[PDB]
Amino acid sequence: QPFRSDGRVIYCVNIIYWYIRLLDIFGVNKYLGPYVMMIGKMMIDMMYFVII
Amino acid sequence: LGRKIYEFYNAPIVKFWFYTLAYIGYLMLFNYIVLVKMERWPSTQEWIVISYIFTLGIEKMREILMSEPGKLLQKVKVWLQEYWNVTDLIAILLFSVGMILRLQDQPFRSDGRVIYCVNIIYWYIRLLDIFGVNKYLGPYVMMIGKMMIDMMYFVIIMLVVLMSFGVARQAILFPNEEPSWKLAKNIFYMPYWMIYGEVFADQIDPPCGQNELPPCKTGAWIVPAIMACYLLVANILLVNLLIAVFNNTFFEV
Amino acid sequence: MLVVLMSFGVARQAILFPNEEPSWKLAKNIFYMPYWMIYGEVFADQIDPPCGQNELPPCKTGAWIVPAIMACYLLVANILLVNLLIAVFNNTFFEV
Ligand SMILES: CC(C)CCC[C@@H](C)[C@H]1CC[C@H]2[C@@H]3CC=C4C[C@@H](OC(=O)CCC(=O)O)CC[C@]4(C)[C@H]3CC[C@]12C
Ligand SMILES: CC(C)CCC[C@@H](C)[C@H]1CC[C@H]2[C@@H]3CC=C4C[C@@H](OC(=O)CCC(=O)O)CC[C@]4(C)[C@H]3CC[C@]12C
Ligand SMILES: CC(C)CCC[C@@H](C)[C@H]1CC[C@H]2[C@@H]3CC=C4C[C@@H](OC(=O)CCC(=O)O)CC[C@]4(C)[C@H]3CC[C@]12C
Ligand SMILES: CC(C)CCC[C@@H](C)[C@H]1CC[C@H]2[C@@H]3CC=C4C[C@@H](OC(=O)CCC(=O)O)CC[C@]4(C)[C@H]3CC[C@]12C
Ligand SMILES: CC(C)CCC[C@@H](C)[C@H]1CC[C@H]2[C@@H]3CC=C4C[C@@H](OC(=O)CCC(=O)O)CC[C@]4(C)[C@H]3CC[C@]12C
Ligand SMILES: CC(C)CCC[C@@H](C)[C@H]1CC[C@H]2[C@@H]3CC=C4C[C@@H](OC(=O)CCC(=O)O)CC[C@]4(C)[C@H]3CC[C@]12C
Ligand SMILES: CC(C)CCC[C@@H](C)[C@H]1CC[C@H]2[C@@H]3CC=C4C[C@@H](OC(=O)CCC(=O)O)CC[C@]4(C)[C@H]3CC[C@]12C
Ligand SMILES: CC(C)CCC[C@@H](C)[C@H]1CC[C@H]2[C@@H]3CC=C4C[C@@H](OC(=O)CCC(=O)O)CC[C@]4(C)[C@H]3CC[C@]12C
Ligand SMILES: CC(C)CCC[C@@H](C)[C@H]1CC[C@H]2[C@@H]3CC=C4C[C@@H](OC(=O)CCC(=O)O)CC[C@]4(C)[C@H]3CC[C@]12C
Ligand SMILES: CC(C)CCC[C@@H](C)[C@H]1CC[C@H]2[C@@H]3CC=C4C[C@@H](OC(=O)CCC(=O)O)CC[C@]4(C)[C@H]3CC[C@]12C
Ligand SMILES: CC(C)CCC[C@@H](C)[C@H]1CC[C@H]2[C@@H]3CC=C4C[C@@H](OC(=O)CCC(=O)O)CC[C@]4(C)[C@H]3CC[C@]12C
């Protein structure tokens with residue numbers, strides 16, 4: 001410390017991305033994969049929502 | 001008139017609305033059982049409820065033993081084909097073990113009461129089968145059934161996002177906890193009630209390091225930012241996709 | 001919604017209050033808390049109230065079911081049937 005708990009915070013932010021990487025495993029399923037790329041399509045529309 | 005009684009009674013719409021009114025009667029009696037207290041021995045109203053479940057089980061056993069296929073395995077196979085029959089069997093067995101724990105004195109008695117009120121849920125849901133006779137409600141029932149899979153997909157991706165907000169909240173704010181299962185409660189507690197309204201507004205960024213406070217935990221500013229991210233993704237993206245899924249599946253189903 | 005709402009009403013008013021007499025206030029409490037939960041108020045204080053501790057009135061046994069099933073109810077009411085009402089309102093709109 002004082003660096004130790006900040007490294008813990010860095011681990012804590014990294015578990016966010018290591019959950020989001022489950023979408024790659026979700027991309028093998030014939031029912032889930034198109035839904036994942038579909039979310040990737042809807043992100044732009046939500047971006048326009050975010051500016052307005 | 002002596003054949004007219006038989007003509008009315010054995011007619012199938014009549015024999016259906018008998019069963020509907022008997023189901024409504026049983027369900028009102030079971031509500032009076034489970035809400036009101038229960039003594040050491042069962043009451044009269046509860047004896048009616050016990051008798052309904054037992055004679056229903058007799059009818060289910062009978063209708064197993066009046067199906068055409070020759071083998072007993074074949075009869076239980078063709079009976080296990082229809083899903084409401086096997087859920088009927090499961091609920092009847094759970095109510096019977098609840099009855100056995102009820103007739104037994106405490107502490108088993110109130111556990112039996114718990115089993116009773118968990119069967120209350122399913123014996124409410126069987127009124128959907130009762131609603132299936134209507135030409136306007138039957139298709140709605142099958143519609144609920146067909147969009148449950150579209151909700152299932154939503155449920156897995158919601159678990160993935162909800163656990164993200166959960167772990168990052170439980171591991172920024174609370175930093176020093178021994179191995180305990182209580183963390184698993186917190187993991188699925190606070191993020192899940194945020195979808196349906198309640199943002200838990202008092203407990204996002206408590207005031208801290210002030211004189212009036214407990215010491216500020218390092219990095220506690222990232223929790224409102226990730227709650228912003230989760231709240232936008234959960235209530236603006238995926239629920240709205242579920243709107244879209246449901247509409248474009250409605251025209252087909 | 002009436003069927004699903006009252007199954008929740010029965011379940012919560014059964015587990016939480018275990019020694020209630022015949023009274024019509026039970027028929028109020030069966031509808032009261034489920035109904036204002038559709039509209040954006042989940043009654044956050046009484047979701048999993050702390051019980052059986054020293055810091056309180058004890059836990060009714062089986063109370064841990066009451067949050068869990070309520071989770072299920074919020075997935076049925078606010079996510080399934082209101083969304084089907086969106087769909088129902090939307091693809092009969094052209095006709096009407
Ligand atoms: C829990 C809190 C912190 C919210 C976290 C939000 C983001 C970190 C995640 C949530 C959903 C993710 C998106 C889900 C789906 C996709 C598609 C995927 O891209 C592809 O599959 C490539 C093809 C395509 O672009 O569609 C990865 C990017 C993207 C937009 C993801 C980008 C990162 C996002 C916005
Ligand atoms: C089967 C469905 C369609 C309901 C049909 C209603 C009636 C045929 C039954 C259902 C509940 C019954 C009641 C359940 C409990 C009681 C209390 C009972 O009083 C006692 O048991 C206390 C005195 C004693 O033990 O003798 C008198 C009959 C009564 C009113 C019963 C009268 C007949 C009722 C209304
Ligand atoms: C026509 C079909 C749709 C069935 C309609 C159901 C009614 C005829 C039943 C359902 C619940 C019954 C009630 C359930 C409980 C009681 C309490 C009972 O009083 C007692 O048991 C006294 C003892 C005590 O309460 O401790 C008197 C009958 C009554 C009002 C019952 C009257 C008949 C009711 C309203
Ligand atoms: C408070 C919580 C616990 C409520 C949860 C409700 C669900 C568990 C229920 C409500 C609607 C039900 C559905 C309504 C209609 C049907 C159709 C029915 O299937 C058939 O008739 C097909 C039979 C065959 O083809 O062999 C039974 C399953 C299903 C999907 C049901 C499955 C169970 C569901 C999703
Ligand atoms: C993709 C999803 C399913 C991941 C979910 C992750 C966590 C919610 C789980 C995974 C492993 C779990 C841990 C596995 C083992 C234990 C030990 C357990 O210890 C005891 O019960 C003490 C008993 C004793 O050893 O005397 C306390 C819960 C804990 C930390 C669990 C807490 C919750 C954890 C972290
Ligand atoms: C696919 C859908 C239906 C959800 C996926 C299932 C799991 C994510 C859920 C289902 C039941 C849940 C469990 C139900 C009960 C408990 C006990 C609970 O223990 C306590 O809360 C005791 C400590 C305390 O006093 O808080 C910890 C979470 C846990 C393991 C839950 C962890 C998450 C589980 C396994
Ligand atoms: C339409 C959307 C995309 C625009 C608005 C979203 C963000 C720009 C906002 C929403 C909530 C805001 C957060 C709300 C509260 C805080 C806590 C705050 O922490 C502190 O001040 C430290 C503690 C203290 O007060 O002593 C730092 C800014 C931050 C993360 C804010 C940063 C900006 C955020 C993420
Ligand atoms: C299934 C969906 C579509 C509708 C479900 C909603 C109603 C059946 C419920 C919701 C709230 C309930 C009300 C909540 C509270 C009261 C007050 C109550 O009056 C008292 O308790 C007297 C005042 C006092 O307690 O001093 C009379 C019943 C009433 C109107 C209830 C009647 C039934 C209501 C309207
Ligand atoms: C299954 C769905 C469609 C309907 C559910 C109906 C129940 C919630 C109702 C029907 C019968 C009702 C009972 C009928 C009679 C009474 C007696 C009543 O007692 C008095 O009013 C006391 C009078 C006095 O002081 O003498 C208290 C409510 C109670 C238990 C009622 C509670 C609510 C019940 C169980
Ligand atoms: C949703 C559509 C299809 C019609 C719904 C009708 C019933 C579900 C509602 C309509 C009026 C309601 C009743 C209005 C008034 C009362 C009195 C109320 O009594 C009290 O609150 C007593 C005072 C107290 O709480 O101390 C209990 C609920 C009850 C029976 C309500 C029960 C539910 C009822 C019958
Ligand atoms: C898959 C997506 C749709 C998320 C689903 C959320 C569930 C997995 C979560 C939400 C609320 C959770 C419940 C919230 C509170 C409790 C009480 C808890 O009971 C105790 O801790 C007992 C001690 C006490 O409370 O006195 C056991 C876990 C449980 C049922 C949790 C189990 C897991 C639940 C149902």
# chains A, B, ... in the order shown; residues from 1 in each chain; ligands from 1
call {"tool": "select_by_dssp", "arguments": {"residues": "chain C", "states": "alpha helix (DSSP H)", "output": "PyMOL selection string"}}
result
chain C and resi 2-15+25-35+65-76+82-91
call {"tool": "write_last_selection", "arguments": {"atoms": "C-alpha atoms", "output": "compact mmCIF listing (two decimals), in the first residue's frame"}}
result
# COMPACT_ATOMS: atom_id res chain seq x y z
CA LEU C 2 -54.80 -11.24 -11.94
CA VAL C 3 -53.87 -14.94 -11.79
CA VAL C 4 -50.10 -14.34 -11.47
CA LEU C 5 -50.56 -11.41 -9.06
CA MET C 6 -52.81 -13.36 -6.73
CA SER C 7 -50.51 -16.40 -6.70
CA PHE C 8 -47.80 -14.05 -5.43
CA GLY C 9 -50.28 -12.52 -2.98
CA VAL C 10 -51.13 -15.91 -1.51
CA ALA C 11 -47.46 -16.92 -1.27
CA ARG C 12 -46.21 -13.74 0.44
CA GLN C 13 -49.14 -13.43 2.85
CA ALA C 14 -48.74 -17.11 3.72
CA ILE C 15 -45.00 -17.17 4.50
CA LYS C 25 -57.43 -7.25 5.90
CA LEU C 26 -55.83 -10.41 4.48
CA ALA C 27 -57.84 -9.73 1.32
CA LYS C 28 -56.29 -6.27 1.25
CA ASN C 29 -52.73 -7.53 1.81
CA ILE C 30 -53.06 -10.11 -0.97
CA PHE C 31 -53.46 -7.34 -3.60
CA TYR C 32 -51.68 -4.37 -1.96
CA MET C 33 -48.00 -5.15 -2.33
CA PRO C 34 -48.06 -7.08 -5.70
CA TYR C 35 -50.03 -4.40 -7.55
CA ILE C 65 -38.40 -18.10 -0.60
CA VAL C 66 -40.29 -14.75 -0.53
CA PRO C 67 -37.57 -12.68 -2.31
CA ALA C 68 -36.79 -15.47 -4.82
CA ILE C 69 -40.33 -16.09 -6.07
CA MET C 70 -40.85 -12.33 -6.20
CA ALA C 71 -37.88 -12.21 -8.57
CA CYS C 72 -39.86 -14.63 -10.74
CA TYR C 73 -42.95 -12.44 -10.51
CA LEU C 74 -41.10 -9.39 -11.72
CA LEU C 75 -39.83 -11.36 -14.69
CA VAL C 76 -43.39 -12.43 -15.51
CA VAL C 82 -46.48 -5.97 -20.50
CA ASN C 83 -44.14 -6.67 -23.42
CA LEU C 84 -46.78 -8.92 -24.95
CA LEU C 85 -49.19 -6.03 -24.47
CA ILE C 86 -46.74 -3.93 -26.50
CA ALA C 87 -46.88 -6.61 -29.20
CA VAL C 88 -50.69 -6.92 -29.00
CA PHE C 89 -51.17 -3.16 -29.18
CA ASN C 90 -48.70 -2.87 -32.02
CA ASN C 91 -49.71 -5.45 -34.62
call {"tool": "residues_near_ligand", "arguments": {"ligand": "ligand 5", "cutoff": "7 Å", "atoms": "only C-alpha atoms and all ligand atoms", "output": "list in words"}}
result
residues 179, 180, 181, 183, 184 and 187 of chain B
call {"tool": "write_last_selection", "arguments": {"atoms": "C-alpha atoms", "output": "short mmCIF file (atom, residue, chain, number, x, y, z; two decimals), in the first residue's frame"}}
result
data_model
loop_
_atom_site.label_atom_id
_atom_site.label_comp_id
_atom_site.auth_asym_id
_atom_site.auth_seq_id
_atom_site.Cartn_x
_atom_site.Cartn_y
_atom_site.Cartn_z
CA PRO B 179 -15.29 -16.80 2.78
CA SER B 180 -19.04 -16.80 3.33
CA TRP B 181 -22.08 -17.53 1.18
CA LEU B 183 -21.50 -12.56 -0.77
CA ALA B 184 -23.51 -14.70 -3.22
CA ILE B 187 -24.04 -10.70 -5.95
#
call {"tool": "residues_around", "arguments": {"residues": "residue C:40", "least_positions_apart": "5", "cutoff": "7 Å", "atoms": "only C-alpha atoms", "output": "count of residues only"}}
result
3
call {"tool": "interface_residues", "arguments": {"of": "chain B", "to": "chain A", "cutoff": "7 Å", "atoms": "only C-alpha atoms", "output": "MDAnalysis selection string"}}
result
chainID B and resid 160 164 168 171:172 218:219
call {"tool": "residues_near_ligand", "arguments": {"ligand": "ligand 4", "cutoff": "6 Å", "atoms": "only C-alpha atoms and all ligand atoms", "output": "MDAnalysis selection string"}}
result
(chainID B and resid 81:83 141:142 144:145) or (chainID C and resid 4 72:73)
call {"tool": "residues_around", "arguments": {"residues": "residue B:149", "least_positions_apart": "3", "cutoff": "12 Å", "atoms": "only C-alpha atoms", "output": "PyMOL selection string"}}
result
(chain A and resi 31-32) or (chain B and resi 143-146+152-156+242+245-246+249) or (chain C and resi 80)
call {"tool": "write_last_selection", "arguments": {"atoms": "N, CA and C atoms", "output": "PDB file, in the first residue's frame"}}
result
ATOM      1  N   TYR A  31     -28.844 -20.211 -31.889  1.00  0.00           N
ATOM      2  CA  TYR A  31     -29.868 -19.310 -31.386  1.00  0.00           C
ATOM      3  C   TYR A  31     -29.311 -18.086 -30.662  1.00  0.00           C
ATOM      4  N   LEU A  32     -28.054 -18.117 -30.209  1.00  0.00           N
ATOM      5  CA  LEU A  32     -27.476 -17.046 -29.397  1.00  0.00           C
ATOM      6  C   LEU A  32     -26.553 -16.119 -30.181  1.00  0.00           C
TER       7      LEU A  32
ATOM      8  N   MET B 143     -49.340 -18.371 -26.607  1.00  0.00           N
ATOM      9  CA  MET B 143     -48.441 -17.254 -26.894  1.00  0.00           C
ATOM     10  C   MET B 143     -47.418 -17.015 -25.790  1.00  0.00           C
ATOM     11  N   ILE B 144     -47.877 -17.024 -24.529  1.00  0.00           N
ATOM     12  CA  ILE B 144     -47.013 -16.952 -23.347  1.00  0.00           C
ATOM     13  C   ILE B 144     -45.975 -18.057 -23.446  1.00  0.00           C
ATOM     14  N   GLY B 145     -46.468 -19.264 -23.750  1.00  0.00           N
ATOM     15  CA  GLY B 145     -45.583 -20.412 -23.873  1.00  0.00           C
ATOM     16  C   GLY B 145     -44.544 -20.266 -24.972  1.00  0.00           C
ATOM     17  N   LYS B 146     -44.928 -19.656 -26.093  1.00  0.00           N
ATOM     18  CA  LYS B 146     -43.979 -19.526 -27.195  1.00  0.00           C
ATOM     19  C   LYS B 146     -42.975 -18.390 -27.002  1.00  0.00           C
ATOM     20  N   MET B 152     -35.937 -16.626 -22.350  1.00  0.00           N
ATOM     21  CA  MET B 152     -34.824 -17.427 -21.840  1.00  0.00           C
ATOM     22  C   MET B 152     -33.479 -16.910 -22.341  1.00  0.00           C
ATOM     23  N   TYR B 153     -33.427 -16.545 -23.625  1.00  0.00           N
ATOM     24  CA  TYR B 153     -32.192 -15.999 -24.205  1.00  0.00           C
ATOM     25  C   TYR B 153     -31.770 -14.701 -23.504  1.00  0.00           C
ATOM     26  N   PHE B 154     -32.708 -13.748 -23.412  1.00  0.00           N
ATOM     27  CA  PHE B 154     -32.639 -12.562 -22.559  1.00  0.00           C
ATOM     28  C   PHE B 154     -32.134 -12.846 -21.146  1.00  0.00           C
ATOM     29  N   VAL B 155     -32.583 -13.955 -20.554  1.00  0.00           N
ATOM     30  CA  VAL B 155     -32.219 -14.295 -19.177  1.00  0.00           C
ATOM     31  C   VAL B 155     -30.733 -14.638 -19.066  1.00  0.00           C
ATOM     32  N   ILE B 156     -30.194 -15.427 -20.015  1.00  0.00           N
ATOM     33  CA  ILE B 156     -28.742 -15.706 -19.960  1.00  0.00           C
ATOM     34  C   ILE B 156     -27.895 -14.437 -20.163  1.00  0.00           C
ATOM     35  N   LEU B 242     -36.084  -6.992 -26.354  1.00  0.00           N
ATOM     36  CA  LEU B 242     -37.096  -8.010 -26.085  1.00  0.00           C
ATOM     37  C   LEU B 242     -38.469  -7.566 -26.588  1.00  0.00           C
ATOM     38  N   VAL B 245     -38.037  -8.407 -30.350  1.00  0.00           N
ATOM     39  CA  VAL B 245     -38.161  -9.859 -30.519  1.00  0.00           C
ATOM     40  C   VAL B 245     -39.617 -10.275 -30.448  1.00  0.00           C
ATOM     41  N   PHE B 246     -40.325  -9.785 -29.426  1.00  0.00           N
ATOM     42  CA  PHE B 246     -41.707 -10.181 -29.178  1.00  0.00           C
ATOM     43  C   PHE B 246     -42.631  -9.728 -30.301  1.00  0.00           C
ATOM     44  N   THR B 249     -41.885 -11.784 -33.462  1.00  0.00           N
ATOM     45  CA  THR B 249     -42.349 -13.164 -33.371  1.00  0.00           C
ATOM     46  C   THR B 249     -43.868 -13.249 -33.302  1.00  0.00           C
TER      47      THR B 249
ATOM     48  N   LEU C  80     -42.663  -9.952 -19.357  1.00  0.00           N
ATOM     49  CA  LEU C  80     -43.298 -10.876 -20.284  1.00  0.00           C
ATOM     50  C   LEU C  80     -44.633 -10.312 -20.729  1.00  0.00           C
TER      51      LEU C  80
END
call {"tool": "interface_residues", "arguments": {"of": "chain B", "to": "chain C", "cutoff": "8 Å", "atoms": "only C-alpha atoms", "output": "VMD selection string"}}
result
chain B and resid 31 34 to 37 110 to 111 114 117 to 118 120 to 121 124 to 125 127 144 147 to 148 151 193 196 to 198 200 239 242 to 243 246 to 247 250 to 251
call {"tool": "residues_near_ligand", "arguments": {"ligand": "ligand 3", "cutoff": "10 Å", "atoms": "only C-alpha atoms and all ligand atoms", "output": "number ranges by chain"}}
result
B: 18, 20-33, 36-39, 43-46; C: 21-23
call {"tool": "decode", "arguments": {"residues": "stretch 1-31 of chain A", "atoms": "N, CA and C atoms", "output": "PDB file, in the first residue's frame"}}
result
ATOM      1  N   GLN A   1       0.859  -1.214   0.000  1.00  0.00           N
ATOM      2  CA  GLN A   1       0.000   0.000   0.000  1.00  0.00           C
ATOM      3  C   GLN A   1       0.889   1.257   0.000  1.00  0.00           C
ATOM      4  N   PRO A   2       0.408   2.419  -0.507  1.00  0.00           N
ATOM      5  CA  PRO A   2      -1.002   2.576  -0.923  1.00  0.00           C
ATOM      6  C   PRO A   2      -1.349   2.020  -2.306  1.00  0.00           C
ATOM      7  N   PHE A   3      -0.499   1.190  -2.913  1.00  0.00           N
ATOM      8  CA  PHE A   3      -0.742   0.757  -4.287  1.00  0.00           C
ATOM      9  C   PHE A   3      -1.551  -0.539  -4.346  1.00  0.00           C
ATOM     10  N   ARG A   4      -1.595  -1.291  -3.238  1.00  0.00           N
ATOM     11  CA  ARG A   4      -2.129  -2.654  -3.216  1.00  0.00           C
ATOM     12  C   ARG A   4      -3.620  -2.688  -3.531  1.00  0.00           C
ATOM     13  N   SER A   5      -4.380  -1.838  -2.838  1.00  0.00           N
ATOM     14  CA  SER A   5      -5.823  -1.818  -3.040  1.00  0.00           C
ATOM     15  C   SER A   5      -6.179  -1.230  -4.399  1.00  0.00           C
ATOM     16  N   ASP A   6      -5.320  -0.365  -4.946  1.00  0.00           N
ATOM     17  CA  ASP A   6      -5.531   0.122  -6.309  1.00  0.00           C
ATOM     18  C   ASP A   6      -5.317  -0.981  -7.344  1.00  0.00           C
ATOM     19  N   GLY A   7      -4.341  -1.867  -7.117  1.00  0.00           N
ATOM     20  CA  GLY A   7      -4.215  -3.043  -7.972  1.00  0.00           C
ATOM     21  C   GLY A   7      -5.416  -3.965  -7.863  1.00  0.00           C
ATOM     22  N   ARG A   8      -5.973  -4.064  -6.653  1.00  0.00           N
ATOM     23  CA  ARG A   8      -7.236  -4.774  -6.455  1.00  0.00           C
ATOM     24  C   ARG A   8      -8.381  -4.147  -7.251  1.00  0.00           C
ATOM     25  N   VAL A   9      -8.442  -2.811  -7.289  1.00  0.00           N
ATOM     26  CA  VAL A   9      -9.443  -2.110  -8.100  1.00  0.00           C
ATOM     27  C   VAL A   9      -9.244  -2.409  -9.586  1.00  0.00           C
ATOM     28  N   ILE A  10      -7.986  -2.537 -10.019  1.00  0.00           N
ATOM     29  CA  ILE A  10      -7.711  -2.841 -11.427  1.00  0.00           C
ATOM     30  C   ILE A  10      -8.223  -4.241 -11.791  1.00  0.00           C
ATOM     31  N   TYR A  11      -7.987  -5.220 -10.901  1.00  0.00           N
ATOM     32  CA  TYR A  11      -8.585  -6.557 -11.041  1.00  0.00           C
ATOM     33  C   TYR A  11     -10.110  -6.477 -11.129  1.00  0.00           C
ATOM     34  N   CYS A  12     -10.686  -5.607 -10.297  1.00  0.00           N
ATOM     35  CA  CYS A  12     -12.130  -5.451 -10.186  1.00  0.00           C
ATOM     36  C   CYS A  12     -12.737  -4.910 -11.470  1.00  0.00           C
ATOM     37  N   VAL A  13     -12.030  -3.996 -12.131  1.00  0.00           N
ATOM     38  CA  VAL A  13     -12.518  -3.499 -13.415  1.00  0.00           C
ATOM     39  C   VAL A  13     -12.301  -4.549 -14.502  1.00  0.00           C
ATOM     40  N   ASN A  14     -11.302  -5.420 -14.329  1.00  0.00           N
ATOM     41  CA  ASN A  14     -11.010  -6.386 -15.388  1.00  0.00           C
ATOM     42  C   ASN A  14     -12.021  -7.536 -15.437  1.00  0.00           C
ATOM     43  N   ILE A  15     -12.633  -7.888 -14.295  1.00  0.00           N
ATOM     44  CA  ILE A  15     -13.697  -8.915 -14.316  1.00  0.00           C
ATOM     45  C   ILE A  15     -14.907  -8.503 -15.169  1.00  0.00           C
ATOM     46  N   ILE A  16     -15.123  -7.194 -15.367  1.00  0.00           N
ATOM     47  CA  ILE A  16     -16.155  -6.713 -16.290  1.00  0.00           C
ATOM     48  C   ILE A  16     -15.902  -7.243 -17.695  1.00  0.00           C
ATOM     49  N   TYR A  17     -14.674  -7.063 -18.177  1.00  0.00           N
ATOM     50  CA  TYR A  17     -14.352  -7.463 -19.537  1.00  0.00           C
ATOM     51  C   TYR A  17     -14.304  -8.984 -19.648  1.00  0.00           C
ATOM     52  N   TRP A  18     -13.844  -9.661 -18.588  1.00  0.00           N
ATOM     53  CA  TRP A  18     -13.791 -11.119 -18.680  1.00  0.00           C
ATOM     54  C   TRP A  18     -15.175 -11.762 -18.563  1.00  0.00           C
ATOM     55  N   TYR A  19     -16.186 -11.031 -18.085  1.00  0.00           N
ATOM     56  CA  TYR A  19     -17.560 -11.474 -18.337  1.00  0.00           C
ATOM     57  C   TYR A  19     -18.031 -11.164 -19.751  1.00  0.00           C
ATOM     58  N   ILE A  20     -17.655 -10.001 -20.297  1.00  0.00           N
ATOM     59  CA  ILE A  20     -18.120  -9.647 -21.645  1.00  0.00           C
ATOM     60  C   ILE A  20     -17.518 -10.588 -22.696  1.00  0.00           C
ATOM     61  N   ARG A  21     -16.375 -11.201 -22.384  1.00  0.00           N
ATOM     62  CA  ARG A  21     -15.791 -12.188 -23.293  1.00  0.00           C
ATOM     63  C   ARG A  21     -16.560 -13.506 -23.358  1.00  0.00           C
ATOM     64  N   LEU A  22     -17.577 -13.717 -22.514  1.00  0.00           N
ATOM     65  CA  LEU A  22     -18.443 -14.886 -22.659  1.00  0.00           C
ATOM     66  C   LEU A  22     -19.299 -14.827 -23.921  1.00  0.00           C
ATOM     67  N   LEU A  23     -19.396 -13.660 -24.559  1.00  0.00           N
ATOM     68  CA  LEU A  23     -20.158 -13.521 -25.794  1.00  0.00           C
ATOM     69  C   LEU A  23     -19.509 -14.292 -26.943  1.00  0.00           C
ATOM     70  N   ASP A  24     -18.179 -14.433 -26.915  1.00  0.00           N
ATOM     71  CA  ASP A  24     -17.489 -15.263 -27.904  1.00  0.00           C
ATOM     72  C   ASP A  24     -17.874 -16.729 -27.774  1.00  0.00           C
ATOM     73  N   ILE A  25     -17.986 -17.221 -26.540  1.00  0.00           N
ATOM     74  CA  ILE A  25     -18.502 -18.562 -26.308  1.00  0.00           C
ATOM     75  C   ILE A  25     -19.982 -18.633 -26.670  1.00  0.00           C
ATOM     76  N   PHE A  26     -20.701 -17.525 -26.548  1.00  0.00           N
ATOM     77  CA  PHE A  26     -22.110 -17.487 -26.906  1.00  0.00           C
ATOM     78  C   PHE A  26     -22.320 -17.474 -28.413  1.00  0.00           C
ATOM     79  N   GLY A  27     -21.285 -17.138 -29.172  1.00  0.00           N
ATOM     80  CA  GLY A  27     -21.338 -17.116 -30.615  1.00  0.00           C
ATOM     81  C   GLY A  27     -21.257 -18.456 -31.317  1.00  0.00           C
ATOM     82  N   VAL A  28     -21.231 -19.571 -30.587  1.00  0.00           N
ATOM     83  CA  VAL A  28     -21.271 -20.876 -31.242  1.00  0.00           C
ATOM     84  C   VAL A  28     -22.703 -21.363 -31.388  1.00  0.00           C
ATOM     85  N   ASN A  29     -23.604 -20.863 -30.547  1.00  0.00           N
ATOM     86  CA  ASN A  29     -24.962 -21.371 -30.526  1.00  0.00           C
ATOM     87  C   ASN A  29     -25.748 -20.761 -31.675  1.00  0.00           C
ATOM     88  N   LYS A  30     -26.550 -21.593 -32.343  1.00  0.00           N
ATOM     89  CA  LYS A  30     -27.276 -21.141 -33.524  1.00  0.00           C
ATOM     90  C   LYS A  30     -28.403 -20.182 -33.147  1.00  0.00           C
ATOM     91  N   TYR A  31     -28.844 -20.211 -31.889  1.00  0.00           N
ATOM     92  CA  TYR A  31     -29.868 -19.310 -31.386  1.00  0.00           C
ATOM     93  C   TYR A  31     -29.311 -18.086 -30.662  1.00  0.00           C
TER      94      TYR A  31
END
